[PDB]
$ cat final-v7.pdb   # PDB, C-alpha atoms
ATOM      1  CA  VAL A   1      14.566   4.263  -6.504
ATOM      2  CA  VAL A   2      14.281   2.115  -3.324
ATOM      3  CA  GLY A   3      16.492   0.825  -0.446
ATOM      4  CA  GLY A   4      14.516   2.025   2.627
ATOM      5  CA  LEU A   5      10.905   1.104   1.779
ATOM      6  CA  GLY A   6      12.399  -1.800  -0.227
ATOM      7  CA  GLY A   7      10.825  -4.706   1.674
ATOM      8  CA  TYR A   8       7.310  -3.335   2.375
ATOM      9  CA  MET A   9       4.680  -5.902   1.716
ATOM     10  CA  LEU A  10       1.699  -5.112  -0.383
ATOM     11  CA  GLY A  11      -1.917  -6.327  -0.748
ATOM     12  CA  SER A  12      -2.953  -8.352  -3.856
ATOM     13  CA  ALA A  13      -5.697  -6.028  -5.197
ATOM     14  CA  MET A  14      -7.793  -3.424  -3.371
ATOM     15  CA  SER A  15      -8.896  -0.057  -4.750
ATOM     16  CA  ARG A  16     -11.542   2.754  -4.753
ATOM     17  CA  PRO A  17     -13.046   2.068  -1.249
ATOM     18  CA  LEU A  18     -15.562   4.978  -1.555
ATOM     19  CA  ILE A  19     -16.025   6.794   1.775
ATOM     20  CA  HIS A  20     -18.983   8.827   2.969
ATOM     21  CA  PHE A  21     -17.617  12.106   1.467
ATOM     22  CA  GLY A  22     -20.589  14.079   2.928
ATOM     23  CA  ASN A  23     -19.104  17.272   1.402
ATOM     24  CA  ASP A  24     -19.603  19.441  -1.692
ATOM     25  CA  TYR A  25     -15.994  20.484  -2.482
ATOM     26  CA  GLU A  26     -13.845  17.730  -0.849
ATOM     27  CA  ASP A  27     -16.362  15.238  -2.339
ATOM     28  CA  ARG A  28     -16.669  16.277  -6.028
ATOM     29  CA  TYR A  29     -12.954  17.154  -6.175
ATOM     30  CA  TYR A  30     -11.970  13.478  -5.709
ATOM     31  CA  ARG A  31     -15.077  12.014  -7.378
ATOM     32  CA  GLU A  32     -14.250  13.482 -10.829
ATOM     33  CA  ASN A  33     -10.679  12.061 -10.605
ATOM     34  CA  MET A  34     -11.291   8.849  -8.716
ATOM     35  CA  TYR A  35     -10.254   6.372 -11.509
ATOM     36  CA  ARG A  36      -6.484   6.885 -10.986
ATOM     37  CA  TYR A  37      -6.315   5.145  -7.581
ATOM     38  CA  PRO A  38      -3.364   2.809  -6.869
ATOM     39  CA  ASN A  39      -3.826  -0.883  -7.727
ATOM     40  CA  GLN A  40      -2.957  -2.064  -4.194
ATOM     41  CA  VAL A  41      -1.502  -0.796  -0.857
ATOM     42  CA  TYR A  42       1.683  -1.283   1.100
ATOM     43  CA  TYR A  43       1.766  -2.493   4.751
ATOM     44  CA  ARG A  44       4.229  -4.165   7.168
ATOM     45  CA  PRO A  45       3.237  -7.884   7.686
ATOM     46  CA  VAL A  46       0.881  -8.275  10.659
ATOM     47  CA  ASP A  47       2.623 -10.047  13.579
ATOM     48  CA  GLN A  48       0.996  -9.290  16.971
ATOM     49  CA  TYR A  49       0.381  -5.824  18.592
ATOM     50  CA  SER A  50      -2.870  -4.729  16.852
ATOM     51  CA  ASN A  51      -2.837  -0.915  16.624
ATOM     52  CA  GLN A  52      -4.486   1.614  14.332
ATOM     53  CA  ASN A  53      -4.285   4.894  16.333
ATOM     54  CA  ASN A  54      -0.473   5.119  15.963
ATOM     55  CA  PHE A  55       0.054   2.308  13.400
ATOM     56  CA  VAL A  56      -1.763   4.526  10.896
ATOM     57  CA  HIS A  57       1.218   6.771  10.122
ATOM     58  CA  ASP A  58       3.478   3.670   9.858
ATOM     59  CA  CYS A  59       1.096   2.170   7.212
ATOM     60  CA  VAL A  60      -0.661   5.139   5.460
ATOM     61  CA  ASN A  61       2.284   7.571   5.327
ATOM     62  CA  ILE A  62       4.375   5.115   3.295
ATOM     63  CA  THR A  63       1.420   4.206   0.995
ATOM     64  CA  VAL A  64       0.728   7.967   0.440
ATOM     65  CA  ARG A  65       4.473   8.751  -0.116
ATOM     66  CA  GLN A  66       4.454   6.137  -2.905
ATOM     67  CA  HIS A  67       1.710   8.202  -4.720
ATOM     68  CA  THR A  68       2.574  11.883  -3.919
ATOM     69  CA  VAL A  69       6.341  11.673  -4.534
ATOM     70  CA  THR A  70       5.457  10.296  -8.035
ATOM     71  CA  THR A  71       3.330  13.468  -8.678
ATOM     72  CA  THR A  72       5.469  16.051  -6.939
ATOM     73  CA  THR A  73       8.290  15.526  -9.437
ATOM     74  CA  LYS A  74       5.671  16.393 -12.119
ATOM     75  CA  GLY A  75       5.324  19.951 -10.696
ATOM     76  CA  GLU A  76       2.747  19.437  -7.928
ATOM     77  CA  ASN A  77       2.892  19.691  -4.090
ATOM     78  CA  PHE A  78      -0.333  17.862  -3.171
ATOM     79  CA  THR A  79      -2.419  20.747  -1.737
ATOM     80  CA  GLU A  80      -4.003  20.063   1.659
ATOM     81  CA  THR A  81      -7.402  18.789   0.418
ATOM     82  CA  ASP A  82      -5.744  16.343  -2.033
ATOM     83  CA  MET A  83      -3.434  15.230   0.830
ATOM     84  CA  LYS A  84      -6.265  15.097   3.417
ATOM     85  CA  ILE A  85      -8.499  12.913   1.256
ATOM     86  CA  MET A  86      -5.362  10.787   0.404
ATOM     87  CA  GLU A  87      -4.294  10.032   4.021
ATOM     88  CA  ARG A  88      -8.042   9.754   4.897
ATOM     89  CA  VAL A  89      -8.880   7.212   2.142
ATOM     90  CA  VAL A  90      -5.568   5.375   2.154
ATOM     91  CA  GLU A  91      -6.339   4.991   5.912
ATOM     92  CA  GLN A  92      -9.590   3.101   5.448
ATOM     93  CA  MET A  93      -8.080   0.810   2.757
ATOM     94  CA  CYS A  94      -4.871   0.203   4.664
ATOM     95  CA  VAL A  95      -6.897  -0.585   7.817
ATOM     96  CA  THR A  96      -9.319  -2.809   5.926
ATOM     97  CA  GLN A  97      -6.545  -5.292   5.026
ATOM     98  CA  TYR A  98      -5.323  -5.120   8.681
ATOM     99  CA  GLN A  99      -8.849  -5.760  10.002
ATOM    100  CA  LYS A 100      -9.766  -8.395   7.346
ATOM    101  CA  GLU A 101      -6.493 -10.360   6.765
ATOM    102  CA  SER A 102      -5.440 -10.766  10.456
ATOM    103  CA  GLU A 103      -8.499 -12.898  11.396
ATOM    104  CA  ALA A 104      -7.874 -14.673   8.098
ATOM    105  CA  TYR A 105      -4.385 -15.700   9.384
ATOM    106  CA  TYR A 106      -6.045 -16.961  12.605
ATOM    107  CA  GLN A 107      -8.968 -18.851  10.953
ATOM    108  CA  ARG A 108      -8.648 -19.036   7.125
ATOM    109  CA  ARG A 109      -4.920 -18.723   6.137
ATOM    110  CA  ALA A 110      -3.390 -19.191   2.689
ATOM    111  CA  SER A 111      -6.334 -17.044   1.637
TER     112      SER A 111
END
$ encode --input "final-v7.pdb" --output "structure tokens"
Amino acid sequence: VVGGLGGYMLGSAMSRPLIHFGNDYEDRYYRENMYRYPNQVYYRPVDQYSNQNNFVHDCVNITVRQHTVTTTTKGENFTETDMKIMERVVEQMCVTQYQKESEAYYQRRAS
């Protein structure tokens, strides 16, 4: 069911990053469910031009599409809290591999 995301790179394991969900509702809501998180994340390979403030849609959107479109077919439309927490949490995991694997290319590399 690919052809247009078909080429997105993905991380090798990274899950349940656990944010400061300093809420009642938008905290417990995810906390009771939090086991079902995706194994990994998608990203485009890092090659110059470090951005997050705009290169968040072009790395989180895709990674959230690949989780919501698999649920929407099941008779769901990801209500705004489920979606908020998704783009919010898929942000800090999809940034973490940007902000931890780039310096690795410069100084580590091949792991």
$ atom_distance --input "final-v7.pdb" --atom1 "CA of residue 81 (chain A)" --atom2 "CA of residue 25 (chain A)"
9.2 Å
$ residues_near_point --input "final-v7.pdb" --point "(-8.8, 15.0, -3.0)" --cutoff "7 Å" --atoms "all atoms listed in the file" --output "PyMOL selection string"
chain A and resi 26+29-30+81-86
$ residues_near_point --input "final-v7.pdb" --point "(-5.6, -9.8, -3.6)" --cutoff "9 Å" --atoms "only C-alpha atoms" --output "number ranges by chain"
A: 11-14, 40, 111
$ closest_residue --input "final-v7.pdb" --among "A:46, A:34, A:18, A:2" --to "residue 106 (chain A)" --atoms "all atoms listed in the file"
A:46
$ atom_distance --input "final-v7.pdb" --atom1 "CA of residue 65 (chain A)" --atom2 "CA of residue 5 (chain A)"
10.2 Å
$ atom_distance --input "final-v7.pdb" --atom1 "CA of residue 44 (chain A)" --atom2 "CA of residue 98 (chain A)"
9.7 Å
$ residues_around --input "final-v7.pdb" --residues "region 47-49 of chain A" --least-positions-apart "4" --cutoff "10 Å" --atoms "only C-alpha atoms" --output "VMD selection string"
chain A and resid 55 102 105
$ closest_residue --input "final-v7.pdb" --among "A:69, A:41, A:104, A:56" --to "residue 9 (chain A)" --atoms "all atoms listed in the file"
A:41
$ closest_residue --input "final-v7.pdb" --among "A:109, A:10, A:3, A:95" --to "residue 53 (chain A)" --atoms "all atoms listed in the file"
A:95
